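Peer 1: What follows is a structure written as structure tokens; I'll ask about it next.
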Amino acid sequence: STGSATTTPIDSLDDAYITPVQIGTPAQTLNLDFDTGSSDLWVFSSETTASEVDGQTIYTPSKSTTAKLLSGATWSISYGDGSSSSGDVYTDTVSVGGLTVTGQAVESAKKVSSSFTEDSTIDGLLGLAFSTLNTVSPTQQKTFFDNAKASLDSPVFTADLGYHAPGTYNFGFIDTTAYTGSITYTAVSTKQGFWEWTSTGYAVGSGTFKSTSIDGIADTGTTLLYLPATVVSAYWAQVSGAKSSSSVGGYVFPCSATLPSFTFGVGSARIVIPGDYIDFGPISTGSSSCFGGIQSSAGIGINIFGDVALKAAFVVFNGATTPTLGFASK
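Heads up, the sequence shown is in the authors' numbering, so the first residue is 1 and it goes up one at a time.
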């Protein structure tokens, strides 16, 4: 089997991407944030505190004939941006783009934090990191990909995120028409539960390539590119008027400046992030100060190849016995 679904930016800045997901019988379609940095499939639901729901589409398990309470199970997750949610668990039928998993753990939110309430476009998350990060207790549950894996034609999924445009998530096959050149594969460590790999270096605009190991995660659920402070400083030093603003919480730059590209290494291959991808617009409406899409990872404790980086590539998440990551230009 295979599946293929279109993923769509939630807003004009590509702050996140939503993908339609069918849950239950009859199908209830929710727009979920596919997140290769976490491993819980959770949804806004009929059980969510009423004051914490504002415009989201909810899953109602009582209306699904295939829904079963996972008795005694609870879940509770916190994300890197301080947001969080928690609740109980049902198993139900979940389909993505024609690919169906029966008995998928669907984590029903009883509580969500403010940032989730305040975003009407995201109905929940569908985690695609390793199942060892799943927060369900007492019995940890498997991700959608983990459950699907053995039925897939090939044990892989791919992320093809668009710049200010829709893209595609595919399961079970590699669309050879979706990228240029070759796919370069690179080693993955699963020790922290992430798609964790080591970039071979970077270049800023037309600058020479700096060979240096950068350990980080391929994280579709993170908007920006978070790299070591040395690297980020070298980037913004090439932008006239750019500065790190404590009040804003990162590098900003005059909206009138031209942004250089940023290149990252994948083995001997190179992925080029165009300068425009690094522009996240005015810090507040009407401001001439624009927020940067490359920021310091200092104090996160890990480097994050988020959407800014991944959308410049066709990315293979290879779930073979020994997982690997592949990157192609497109």
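A virtual CB, placed ideally from N, CA and C, is assigned to each residue, including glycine.
So what's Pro61 in DSSP terms, helix, strand or just coil?
Peer 2: In the sequence shown, counting from the first residue as 1, residue 61 sits at position 61. Helix at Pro61.
Peer 1: Less than 8 angstroms separating the beta-carbons of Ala129 and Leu225?
Peer 2: Start at 1 with the first residue of the sequence shown, and residue 129 comes out as number 129. Start at 1 with the first residue of the sequence shown, and residue 225 comes out as number 225. Against a cut-off of 8 angstroms, the Cβ pair of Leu225 and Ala129 comes out as no contact.
Peer 1: What residue range does the beta strand (DSSP E) around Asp14 cover?
Peer 2: As a working mapping, residue 14 is identified with position 14 in the sequence shown. No beta strand (DSSP E) contains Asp14, which DSSP labels as neither H nor E.
Peer 1: Between the C-alpha atoms of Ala298 and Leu41, what's the straight-line distance to the nearest angstrom?
Peer 2: The count along the sequence shown starts at 1 and reaches residue 298 at position 298. The count along the sequence shown starts at 1 and reaches residue 41 at position 41. So the two alpha carbons sit approximately 29 angstroms from each other.
Peer 1: Label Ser12 either buried or exposed according to how many other C-beta atoms from any shown protein chain fall within 10 Å of its C-beta, with 16 as the threshold for buried.
Peer 2: Translated into positions along the sequence shown, residue 12 becomes position 12. Looking at its Cβ environment, which holds fewer than 16 other Cβ atoms inside 10 Å, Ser12 is exposed.
Peer 1: What is the DSSP secondary structure of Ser4, reduced to helix, strand or coil?
Peer 2: Translated into the one-based positions of the sequence shown, residue 4 becomes position 4. Here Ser4 sits in strand by DSSP.
Peer 1: If distances are taken between C-alpha atoms only, which option among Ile300, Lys243, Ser108, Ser296 comes closest to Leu70?
Peer 2: Working through the sequence shown from its first residue, we reach residue 70 at position 70. Residue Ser108 is the option with its Cα nearest to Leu70.
Peer 1: Over what stretch of residues does the alpha helix (DSSP H) that includes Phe145 continue unbroken?
Peer 2: Looking up residue 145 in the sequence shown gives position 145. Taken as a continuous stretch (DSSP letters only), the alpha helix (DSSP H) holding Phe145 covers 144-148.
Peer 1: Please identify the residue among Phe173, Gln140, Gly162, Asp92 whose C-alpha is closest to the C-alpha of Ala16.
Peer 2: The count along the sequence shown starts at 1 and reaches residue 16 at position 16. Nearest of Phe173, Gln140, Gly162, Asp92 to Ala16, Cα basis: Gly162.
Peer 1: Do you know offhand how far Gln22's Cα is from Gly292's?
Peer 2: Here the question's residue 22 lines up with position 22 in the sequence shown. Here the question's residue 292 lines up with position 292 in the sequence shown. Between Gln22 and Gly292, the C-alpha separation is close to 35 angstroms.
Peer 1: Assuming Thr117 is part of the alpha helix (DSSP H), what are its boundary residues?
Peer 2: Taking the first residue of the sequence shown as position 1, residue 117 is located at position 117. From DSSP, the alpha helix (DSSP H) with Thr117 extends over 114-117.
Peer 1: Count the other CB atoms, across all protein chains shown, that sit within 10 Å of the CB of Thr48; report buried if there are 16 or more and exposed otherwise.
Peer 2: Translated into the one-based positions of the sequence shown, residue 48 becomes position 48. By the 10 Å Cβ count, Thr48 comes out buried.
Peer 1: Determine the contact status of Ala187 and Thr324, defining contact as a CB-CB distance below 8 angstroms.
Peer 2: Here residue 187 corresponds to residue number 187 of the sequence shown, with the count starting at 1. Here residue 324 corresponds to residue number 324 of the sequence shown, with the count starting at 1. Yes, the Cβ-Cβ distance between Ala187 and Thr324 is below 8 angstroms.
Peer 1: Check whether the stretch 110-117 touches the stretch 93-102, counting contact only when three or more Cβ pairs, one atom from each stretch, lie closer than 8 angstroms.
Peer 2: The stretch 110-117 is not in contact with the stretch 93-102.
Peer 1: Give the straight-line distance between the Cα atoms of residue 347 and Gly286, rounded to the nearest whole angstrom.
Peer 2: The structure shown does not extend to residue 347, since the chain is modelled only from 1 to 330, so the question has no answer here.
Peer 1: I'd like the ranges of any beta strand (DSSP E) spanning at least 3 consecutive residues and lying wholly in the stretch 140-219.
Peer 2: Listed in chain order, the complete beta strand (DSSP E) runs (minimum 3 residues) inside the stretch 140-219 are 156-160, 167-171, 184-187, 196-204, 210-218.
Peer 1: Taking Cβ positions, are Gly181 and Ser329 nearer each other than 8 angstroms?
Peer 2: Residue mapping note: residue 181 aligns to position 181 of the sequence shown, counting from 1. Residue mapping note: residue 329 aligns to position 329 of the sequence shown, counting from 1. Result yes, Cβ atoms of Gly181 and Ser329 sit closer than 8 angstroms.
Peer 1: Tell me whether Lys142 is buried or exposed, calling it buried when 16 or more other Cβ atoms sit within 10 Å of its Cβ.
Peer 2: Taking the first residue of the sequence shown as position 1, residue 142 is located at position 142. It is buried - the Cβ of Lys142 has at least 16 other Cβ atoms within 10 Å.
Peer 1: Considering only DSSP beta bridges, list what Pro9 is partnered with.
Peer 2: Stepping through the sequence shown from its first residue, residue 9 is reached at position 9. Note: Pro9 sits in a beta bridge opposite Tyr17.
Peer 1: In its own chain, which residues sit with a C-beta less than 6 angstroms from the C-beta of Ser78, not counting the 5 before and 5 after it?
Peer 2: For the purposes of this step, residue 78 is identified with residue 78 of the sequence shown, where counting begins at 1. Excluding residues within five positions, the ones whose Cβ falls inside 6 angstroms are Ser84.
Peer 1: Tell me the residue span of the beta strand (DSSP E) that contains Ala269.
Peer 2: As a working note, residue 269 is residue 269 in the sequence shown. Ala269 -> beta strand (DSSP E) spans 269-273.
Peer 1: Got a sec? Which residues, its chain only, sit under 6 angstroms from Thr29 by beta carbon, not counting five neighbours each side?
Peer 2: Counting from one through the sequence shown, the residue named residue 29 turns up at place 29. The answer, listed in chain order, is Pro20, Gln22.
Peer 1: How many angstroms separate the CA atom of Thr184 from the CA atom of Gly207?
Peer 2: Mapped onto the sequence shown, residue 184 falls at position 184. Mapped onto the sequence shown, residue 207 falls at position 207. Distance between the alpha carbons of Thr184 and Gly207 is about 22 angstroms.
Peer 1: Is it right to say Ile300 is buried, meaning 16 or more other beta carbons lie within 10 angstroms of its own, or is it exposed?
Peer 2: Mapped onto the sequence shown, residue 300 falls at position 300. Classification for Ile300: exposed.
Peer 1: Along the chain, where does the beta strand (DSSP E) that runs through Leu70 open and close?
Peer 2: Taking the first residue of the sequence shown as 1, we reach residue 70 at position 70. From DSSP, the beta strand (DSSP E) with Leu70 extends over 68-78.
Peer 1: Which of the three DSSP states, helix, strand or coil, is assigned to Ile278?
Peer 2: Translated into the one-based positions of the sequence shown, residue 278 becomes position 278. Note: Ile278 maps to helix in three-state DSSP.
Peer 1: Are the Cβ atoms of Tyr251 and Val231 separated by less than 8 angstroms?
Peer 2: Translated into positions along the sequence shown, residue 251 becomes position 251. Translated into positions along the sequence shown, residue 231 becomes position 231. No. Outside cutoff.
Peer 1: In angstroms with no decimal places, state the Cα-to-Cα distance between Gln192 and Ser233.
Peer 2: Along the sequence shown, one-based indexing puts residue 192 at 192. Along the sequence shown, one-based indexing puts residue 233 at 233. Those two C-alpha atoms are separated by around 27 angstroms.
Peer 1: My output table needs one value for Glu47: the three-state DSSP class, helix, strand or coil.
Peer 2: Your numbering for residue 47 matches position 47 in the sequence shown. Looking at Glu47 - three-state DSSP - the assignment turns out to be coil, as it is neither helix nor strand.
Peer 1: According to DSSP, what are the bridge partners of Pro254?
Peer 2: For the purposes of this step, residue 254 is identified with residue 254 of the sequence shown, where counting begins at 1. In DSSP, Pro254 forms a bridge with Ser289.
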